[PDB]
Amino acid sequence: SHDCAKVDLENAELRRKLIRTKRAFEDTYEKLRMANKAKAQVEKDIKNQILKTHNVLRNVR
């Protein structure tokens, strides 16, 4: 036996918290995905710039 009104109240509060927390997780996960993507692009361009720099250094005396 439980407190019927209390478990109804807790059911509703848990559902509210779960929506809020899922939304916070999806938003933060998307922010992290965007950050990782931007960093990967940066590292690709950095590699290109390193290679161009060494090419100049090799051609230069």
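The term rigid core refers to the maximal set of C-alpha atoms that superpose within 1.5 Å between the two forms. Heads up: residue numbers just count along the shown sequence, starting at 1.
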item: Segment of greater CA departure in 4 other deposited structures of this protein, 48-56 or 9-17, core superposed; value: 48-56
item: Greater Cα displacement in 4 other deposited structures of this protein once the core is superposed, comparing 19-27 with 39-47; value: 39-47
item: Entry-reported Cα temperature factor of residue 12, expressed as the chain third it lands in; value: lowest
item: Position of residue 46 among the chain's modelled residues by C-alpha B-factor, lowest, middle or highest third; value: lowest
item: Chain third (lowest, middle, highest) by recorded CA B-factor, residue given as residue 18; value: lowest
